[PDB]
Amino acid sequence: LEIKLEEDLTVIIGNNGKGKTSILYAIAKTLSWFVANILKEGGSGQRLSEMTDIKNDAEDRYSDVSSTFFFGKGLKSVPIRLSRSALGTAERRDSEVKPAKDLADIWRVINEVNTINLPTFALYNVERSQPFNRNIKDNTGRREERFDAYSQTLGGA
DNA sequence: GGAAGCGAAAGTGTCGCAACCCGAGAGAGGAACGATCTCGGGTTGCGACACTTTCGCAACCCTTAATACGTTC
RNA sequence: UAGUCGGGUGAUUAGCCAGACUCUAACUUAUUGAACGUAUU
Ligand SMILES: Nc1ncnc2c1ncn2[C@@H]1O[C@H](COP(=O)(O)OP(=O)(O)O)[C@@H](O)[C@H]1O
């Protein structure tokens, strides 16, 4: 499947069990690498599940999620591919996440040398709408500091 | 293909809390014996969370290259 | 309207001017090797 995401707003519609949540999940997994390498040099983002994400029928028992990002005329393409092979497969497929690491390295290094505006990556899935608020004191890393905005940003809730 | 570090993802154990049970005990009433509410352990079920295991990113570039100037794979 | 093509001007990778295109839809890449162009030859 291929999609042509719009620059400002894209709406995905369909019946139940058509793959809209799957598309959002794949995009969030792709953005996790950008978030991780912004927070942490050479950081590891999320990866495709080897138990559920690969198509049940399949022909090669592996799945790929290719994404291309635009960052102006100076960087017209940032290709990142997430790949995973199914359980019990001799040949394992690797992911091509280097350009995302390079772009996030640019962001992080420039920001530390001189403060810049950082991009926002958020996922609001069905795990939202959970009851209650402020369940625990949540000793988690000083919400005041700037890089706390990337904590659990693509978790769904 | 995959050091060395490290973190994601998934599975499993554990451990504390709640909920209840059960015997002991001082003693309400009203004229005695012991109702009834509480104290102190003890057991079980459960779920959040810690702990455990596996995978995968991607150093280096091996003895072993050539060195007019440009695109392309 | 975008976006794209690129003829001109421009101390010139920028800015501007004229013109044109639109399958749902480019993202310019890699050497010393191979071939191509060019220069010595
Ligand atoms: N690994 C898989 N192989 C084949 N079909 C799958 C797999 N995982 C999910 N599906 C199917 O694809 C659909 C996934 O649903 P989902 O992506 O949440 O769609 P939506 O948000 O449109 O309801 C369901 O119909 C599910 O049965």
Side-chain angles (χ1 to χ4, degrees), chain A residues 1-40 42-72 75-108 117-136 138 140-141 143 147-157:
Chain A
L1 185 74
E2 190 202 336
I3 312 101
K4 182 175 73 175
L5 277 296
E6 293 270 327
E7 190 277 331
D8 57 356
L9 173 70
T10 310
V11 191
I12 308 166
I13 65 172
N15 297 40
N16 286 110
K18 301 297 281 185
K20 317 180 294 294
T21 293
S22 303
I23 289 164
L24 287 197
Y25 160 93
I27 298 169
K29 295 288 220 207
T30 288
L31 293 178
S32 56
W33 287 87
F34 277 113
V35 164
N37 279 261
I38 283 178
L39 280 172
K40 195 263 195 202
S44 73
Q46 313 173 41
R47 57 184 58 172
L48 296 184
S49 169
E50 68 184 336
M51 293 180 183
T52 45
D53 286 346
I54 295 90
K55 190 164 191 184
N56 281 338
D57 291 331
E59 63 271 16
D60 312 281
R61 300 307 293 146
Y62 75 76
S63 79
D64 293 350
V65 177
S66 300
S67 303
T68 296
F69 290 84
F70 184 84
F71 191 30
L75 197 45
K76 288 179 182 177
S77 89
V78 189
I80 190 167
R81 157 168 76 72
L82 302 193
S83 300
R84 202 76 193 270
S85 184
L87 283 168
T89 306
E91 271 196 60
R92 320 294 301 167
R93 191 158 175 81
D94 49 281
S95 302
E96 201 264 332
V97 300
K98 196 179 291 291
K101 303 192 145 181
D102 286 334
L103 186 47
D105 279 22
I106 295 187
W107 276 326
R108 186 190 67 250
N117 298 326
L118 296 174
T120 311
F121 304 116
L123 161 77
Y124 296 107
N125 212 321
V126 176
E127 296 107 343
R128 77 193 169 183
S129 78
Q130 65 182 357
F132 280 93
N133 279 316
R134 259 192 61 190
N135 295 317
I136 316 170
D138 208 33
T140 310
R143 315 277 84 75
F147 283 89
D148 198 80
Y150 284 122
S151 79
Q152 291 94 48
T153 181
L154 293 144

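In what follows, every heavy atom counts, from backbone to side chain, and hydrogens, waters and symmetry copies are set aside. Proteins get letters first, then strands, A, B, ... in listed order; numbering begins at 1 in each. Just so you know, ligand 1 is whichever comes first in the structure, and atom 1 is the first atom listed for that ligand.
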With heavy atoms and a 4.0 Å threshold, my read on which part of A:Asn15 contacts ligand 1 is backbone

Specify whether the nearest protein heavy atom to atom 27 (O) of ligand 1 is under 4.0 angstrom away. no

for atom 21 (O) of ligand 1, nearest protein heavy atom and its distance come out as A:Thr21 OG1, 2.8 Å

Quick check: do A:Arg93 and A:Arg81 have side-chain heavy atoms less than 4.5 Å from each other?
yes

From the list A:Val78, A:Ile80, A:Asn37, side chain to side chain contact (heavy atoms under 4.5 Å, CB included) with A:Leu103 holds only for A:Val78

Within 4.0 Å of some non-hydrogen atom of A:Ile54, the atoms of ligand 1 are 1 (N), 2 (C)

Closest to atom 1 (N) of ligand 1 among protein heavy atoms sits A:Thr52 O, 2.6 Å

**Message:** Using only atom types and a distance under 3.5 Å, with no angle test, would you say the side chain of A:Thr140 pairs donor to acceptor with the backbone of A:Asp138?
**Reply:** yes

When rounded to the nearest 0.5 Å, the distance separating OG1 of A:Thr21 from CG of A:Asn16 is 9.0 Å

Indicate the ring-plane relationship of A:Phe69 and A:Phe34, choosing parallel, tilted or perpendicular according to the 30° and 60° boundaries. perpendicular

Heavy-atom distance from atom 10 (N) of ligand 1 to the protein below 4.0 Å? no

Out of A:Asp57, A:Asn56, A:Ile23, the nearest non-hydrogen contact to atom 3 (N) of ligand 1 is supplied by A:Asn56

Atom 22 (O) of ligand 1 has as its nearest protein heavy atom A:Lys20 NZ, 2.5 Å

*Please walk me through it: do A:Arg84 and A:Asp53 pass salt bridge (charged side-chain N to carboxylate O under 4.0 Å, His left out)?*
CA-CA 9 Å; A:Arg84 202 76 193 270; A:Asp53 286 346; over 6 Å; no

ask   = Just by modelled atom types, is the A:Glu91 backbone N or O under 3.5 Å from a matching donor or acceptor in the A:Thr89 side chain?
value = no

(Q) Strictly less than 4.0 Å: does any protein heavy-atom distance to atom 6 (C) of ligand 1 fall in that range? (A) no

Quick check: does A:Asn16 get an N/O under 3.5 Å from an N/O on ligand 1? no

Exercise for review: Under the salt bridge (charged side-chain N to carboxylate O under 4.0 Å, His left out) rule, what do A:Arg92 and A:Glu50 come out as? Steps first, then yes or no, please.
Suggested key: CA-CA 10 Å; A:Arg92 320 294 301 167; A:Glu50 68 184 336; 2.9 Å; yes

Atom 24 (C) of ligand 1 has as its nearest protein heavy atom A:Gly17 CA, 3.7 Å

Ligand 1 to A:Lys55, heavy atom cutoff 4.0 Å, flagged ligand atoms 3 (N)

Before signing off on this row, confirm whether A:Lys18 and ligand 1 have an N or O atom pair separated by under 3.5 Å.
-> yes

### Task
Could you tell me whether A:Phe121 and A:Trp33 have their ring centroids closer than 6.0 angstrom?
no

Heavy-atom proximity to atom 19 (O) of ligand 1 ranks first, among A:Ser22, A:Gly19, A:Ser49, A:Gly14, for A:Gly19

